[PDB]
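What follows is a set of notes on a single structure, which appears directly below.
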Amino acid sequence: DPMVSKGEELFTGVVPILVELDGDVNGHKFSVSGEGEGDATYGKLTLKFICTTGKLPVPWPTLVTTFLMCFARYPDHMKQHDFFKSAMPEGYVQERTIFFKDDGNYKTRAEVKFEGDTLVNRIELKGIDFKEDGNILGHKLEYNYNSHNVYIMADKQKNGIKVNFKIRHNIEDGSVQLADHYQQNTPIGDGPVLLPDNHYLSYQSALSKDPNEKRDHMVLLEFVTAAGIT
């Protein structure tokens, strides 16, 4: 399939990644840069993020979803359902609203695209209605992360996809902070794209710290595999 060949041919080896985020949560401003690499053959991403403005005013884990679904491993039987790659190199727009239960919300807009050989994820994040002493602005979320299925459906009328999922962030007292994600993706280009049958992506995420890093930061290792169409 000459289509499966193209956007796909972009992802067959290891691909450098750049991430840039401009954040304002309750008038708390911040910027984050990230660098790393994706190997979609194995559904694998390794990135390190740095708050370049000092202290991150929210928990790092609250940002993991926002900080690259084109790096999912789609099984051979499922290649015709990989929207993310199909949109490349021109890229796509990924927009979210993420509702933190009993707290504020983030609204994000991202452009995911190639800049030459580098895959680039440019983000703007606005958070509003947060509690200064909640689990988010009060930094009460543990530095870890649970595995999660993400359910993808076609959005045929917007020539793109809808993604819907919940993330439970562990709180220090042992309870959980629910973060309800609503997502929409649309191609940046005017060309054809693969619009998938309902399926899901399985996410495993591991959060760590660089022992030689003084700045406020996050090392993220994600494995992501498409499933749910046998």
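In the structure tokens, chains take letters A, B, ... by order of appearance, with residues numbered from 1 within each chain and ligands from 1 in the order shown.
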
Original post:
Any idea what's packed within 8 Å of residue 57 (chain A), counting only C-alpha atoms, ignoring anything in its chain fewer than 2 positions away? Could you give it as an MDAnalysis selection string?
Top reply: chainID A and resid 25 28:30 55 59 137

Subject >> Exercise: residue 4 (chain A) partners within 8 Å, only C-alpha atoms, chain neighbours under 4 positions left out, as an NGL selection string >> reply: :A and (8 or 79-80 or 86)

Enumerate, in order of chain and increasing residue number, the residues of region 91-183 of chain A with an atom no farther than 10 Å from region 206-227 of chain A, each with its shortest atom pair and distance in Å to one decimal, counting only C-alpha atoms, as a tab-separated table.
```
residue	atom	partner	partner_atom	distance
A:143	CA	A:207	CA	7.0
A:144	CA	A:207	CA	5.8
A:145	CA	A:206	CA	6.5
A:146	CA	A:206	CA	8.5
A:147	CA	A:206	CA	9.2
A:148	CA	A:224	CA	9.9
A:149	CA	A:226	CA	9.3
A:150	CA	A:226	CA	9.2
A:151	CA	A:226	CA	9.6
A:152	CA	A:226	CA	9.6
```

Write out the residues from the selection above, keeping C-alpha atoms, as an mmCIF file, in the first residue's frame.
```
data_model
loop_
_atom_site.group_PDB
_atom_site.id
_atom_site.type_symbol
_atom_site.label_atom_id
_atom_site.label_comp_id
_atom_site.auth_asym_id
_atom_site.auth_seq_id
_atom_site.Cartn_x
_atom_site.Cartn_y
_atom_site.Cartn_z
ATOM 1 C CA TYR A 143 6.156 10.619 41.262
ATOM 2 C CA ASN A 144 5.033 7.405 39.468
ATOM 3 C CA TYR A 145 2.541 6.425 36.828
ATOM 4 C CA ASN A 146 -0.010 3.704 36.114
ATOM 5 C CA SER A 147 -0.515 1.801 32.853
ATOM 6 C CA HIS A 148 -3.577 2.691 30.866
ATOM 7 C CA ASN A 149 -5.491 1.787 27.673
ATOM 8 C CA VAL A 150 -6.378 4.760 25.446
ATOM 9 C CA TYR A 151 -9.453 4.290 23.117
ATOM 10 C CA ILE A 152 -9.256 5.794 19.709
#
```

**OP:** Just give me the gap between CA of residue 136 (chain A) and CA of residue 47 (chain A) in Å, one decimal is fine.
**Re:** 22.6 Å

**OP:** Going by DSSP on the backbone, which bits of region 18-147 of chain A are strand (DSSP E)? Write them as an NGL selection string, please.
**Re:** :A and (18-25 or 28-39 or 44-51 or 92-100 or 105-115 or 118-128)

Original post:
What does the distance from CA of residue 116 (chain A) to CA of residue 40 (chain A) come to in Å, to one decimal?
Top reply: 17.7 Å

**OP:** Identify, on the basis of only C-alpha atoms, every residue whose closest approach to residue 32 (chain A) does not exceed 9 Å; exclude the query and any residue fewer than 2 positions from it along the same chain; express the result as a ChimeraX atom specification.
**Re:** /A:19-23,30,34,49-53,56,217

Write a file of the just-selected residues containing C-alpha atoms, as an mmCIF file, in the first residue's frame.
```cif
data_model
loop_
_atom_site.group_PDB
_atom_site.id
_atom_site.type_symbol
_atom_site.label_atom_id
_atom_site.label_comp_id
_atom_site.auth_asym_id
_atom_site.auth_seq_id
_atom_site.Cartn_x
_atom_site.Cartn_y
_atom_site.Cartn_z
ATOM 1 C CA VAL A 19 9.303 18.913 22.791
ATOM 2 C CA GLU A 20 8.522 22.539 23.806
ATOM 3 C CA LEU A 21 5.778 23.594 26.086
ATOM 4 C CA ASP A 22 4.547 27.029 27.133
ATOM 5 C CA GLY A 23 2.490 26.683 30.361
ATOM 6 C CA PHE A 30 6.389 28.100 33.044
ATOM 7 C CA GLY A 34 12.312 18.081 26.068
ATOM 8 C CA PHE A 49 12.153 17.218 30.101
ATOM 9 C CA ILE A 50 13.530 20.334 31.777
ATOM 10 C CA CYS A 51 11.602 23.287 33.313
ATOM 11 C CA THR A 52 13.800 26.101 31.936
ATOM 12 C CA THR A 53 11.989 28.755 34.002
ATOM 13 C CA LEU A 56 7.513 23.433 37.731
ATOM 14 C CA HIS A 217 13.102 17.759 35.323
#
```

**OP:** Extract, using only C-alpha atoms, all DNA, RNA and protein residues at most 8 Å from residue 100 (chain A), discarding same-chain residues fewer than 3 positions from it, and format them as number ranges by chain.
**Re:** A: 103-105, 177-180

Per-residue nearest contacts of region 21-98 of chain A to region 154-162 of chain A (10 Å; only C-alpha atoms) as CSV:
```
residue,atom,partner,partner_atom,distance
A:81,CA,A:154,CA,9.7
A:83,CA,A:160,CA,7.8
A:84,CA,A:161,CA,9.4
A:87,CA,A:160,CA,9.5
A:92,CA,A:160,CA,9.1
A:93,CA,A:160,CA,9.6
A:94,CA,A:161,CA,9.6
A:95,CA,A:162,CA,9.7
A:96,CA,A:162,CA,9.9
```

**OP:** Just give me the gap between CA of residue 42 (chain A) and CA of residue 109 (chain A) in Å, one decimal is fine.
**Re:**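 Those two atoms sit 26.8 Å apart.
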
Original post:
So, counting only C-alpha atoms, which residue among A:97, A:5, A:62, A:230 is closest to residue 171 (chain A)?
Top reply: A:62

Original post:
Pick the closest to residue 130 (chain A) from A:58, A:68, A:18, A:188: which is it, counting only C-alpha atoms?
Top reply: A:58

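Distance annotation: of A:172, A:117, A:1, A:82, the residue with the minimal separation from residue 199 (chain A) is A:82; atom set is only C-alpha atoms.
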